[PDB]
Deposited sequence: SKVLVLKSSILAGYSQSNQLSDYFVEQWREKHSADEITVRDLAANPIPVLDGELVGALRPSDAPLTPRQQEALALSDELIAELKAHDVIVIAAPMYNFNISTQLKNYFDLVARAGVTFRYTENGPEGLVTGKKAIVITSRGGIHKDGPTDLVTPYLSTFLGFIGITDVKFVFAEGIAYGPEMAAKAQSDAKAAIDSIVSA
């Protein structure tokens, strides 16, 4: 199998979601050694913002480049089986770095199509894992719109099989930060050894 890892934190090597993504990779390589793993860091190698000129490209030099970057990202997504998405929460949303990727991957006739019975995703047979870190504690509450957003967006393009790994309470001190890292690594181990 082929595993794609999407990093989106703006905190570099201090990132909680990056360090848990690197723990998922290390665990997958030890348990599955032949599988090919691709890491794409959307903070270190940023995707442009979807503006008026790019939504026309989906042509000028810059439209052409966005179209080809789009096509690249989509072929990469479709090439992989297991899609690991690091989704830190900033200001109640996902990171802009992740959002810009989504905005180039969502393409009519490519990653979804219109049907009589509504849009249907075209990125099929994938298993996703969301690693989502938060300062506070939102899970199953009204302030977590990241979780259902992710479900909705991934579901739209075809990715219905999504498992969530939460690391909450990071801002609450060393016992709660360690709880969040221990409970997210335990969740990660259950997925890697299922």
item	value
Deposited residues absent from the coordinates (by C-alpha)	59-64
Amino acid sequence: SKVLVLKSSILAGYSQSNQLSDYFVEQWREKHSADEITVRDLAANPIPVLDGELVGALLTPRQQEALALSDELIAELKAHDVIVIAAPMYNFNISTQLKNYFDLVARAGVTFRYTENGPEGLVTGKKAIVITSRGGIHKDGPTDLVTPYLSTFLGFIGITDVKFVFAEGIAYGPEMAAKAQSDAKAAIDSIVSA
From here on, numbers count along this sequence of modelled residues.
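Basically, rigid core = biggest C-alpha set you can superpose within 1.5 Å across the two forms.
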{"item": "Comparing 165-173 and 142-150 where Cα RMS over structures and residues is taken in 6 other deposited structures of this protein (core fit), larger one", "value": "165-173"}
{"item": "Positional deviation of Cα atoms in 6 other deposited structures of this protein after core superposition, greater for 76-84 or 115-123", "value": "115-123"}
{"item": "Higher-B stretch (mean Cα B-factor, as the entry records it), 149-157 or 32-40", "value": "32-40"}
{"item": "Greater mean Cα temperature factor according to the PDB record, 169-177 or 9-17", "value": "169-177"}
{"item": "Out of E65, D51, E26, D144, residue topping the C-alpha B-factor column of the entry", "value": "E65"}
{"item": "Residue, from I131, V55, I47, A128, that the PDB entry assigns the highest Cα B-factor", "value": "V55"}
{"item": "Ranked against its chain, the third holding the CA B-factor of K78", "value": "middle"}
{"item": "Assigned third (lowest, middle, highest) for the C-alpha B factor of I94", "value": "lowest"}
{"item": "Third of the chain, ranked by Cα B-factor, where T111 sits", "value": "middle"}
{"item": "Chain third (lowest, middle, highest) by recorded CA B-factor, residue given as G118", "value": "highest"}
{"item": "CA B-factor ranking of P61, expressed as a third of its chain", "value": "highest"}
